[PDB]
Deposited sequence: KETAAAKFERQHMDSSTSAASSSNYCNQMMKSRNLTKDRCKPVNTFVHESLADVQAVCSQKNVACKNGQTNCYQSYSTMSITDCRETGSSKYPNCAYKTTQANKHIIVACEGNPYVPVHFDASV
C-alpha cells in the first residue's frame, strides 16, 4: 500500500535530455494504464521539497488551503504528452525550467502529497 507521501515521491521527485520524459514517465509508472497527459519532476532534494510544506501558504487550484509555494526557484522538468503520442507508446515533450513550485501537503508529519503548479 503506497502512501500518498510515496506516490508524490514516485510521481514528482528526481533529485538525480530530450529523452528524459519518455523514459521517466515510463520508469515511474505514469504510462502504465493510460498516457498521463502532463507531469512535473523536481530536481532538488527531498528535504528541500518537503520544507516547502512550511513555506508560502497559497490557495490550491481545487480551492483547498493546504498548498505551499517555494520561496526559491527550483529546477524542474515538465513532461507534456505530444499530439502524436498513442498509448502504449506514450510520447512526451520534455522541458526544463527553474520556477517556484506549489505543492499540497498533508499528514503528520506534514509532507507533500500533490503537485499543484509551478510559477
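- What the model leaves out of the deposited chain is one segment, 17 to 21.
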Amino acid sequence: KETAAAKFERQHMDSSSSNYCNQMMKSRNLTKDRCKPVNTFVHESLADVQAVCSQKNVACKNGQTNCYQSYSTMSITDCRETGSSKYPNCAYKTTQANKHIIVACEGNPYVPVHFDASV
From here on, numbers count along this sequence of modelled residues.
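For clarity, a rigid core is taken as the largest C-alpha set superposing within 1.5 Å between two forms.
- Of 38 to 46 and 56 to 64, the stretch whose C-alpha atoms sit farther from the shown form in 6 other deposited structures of this protein, after fitting on the rigid core, is 56 to 64.
- The stretch 81 to 89 shows the higher mean C-alpha B-factor when 81 to 89 is compared against 60 to 68 in the entry.
- Averaged over CA atoms, B-factors in the entry run higher in 28 to 36 than in the other of 49 to 57 and 28 to 36.
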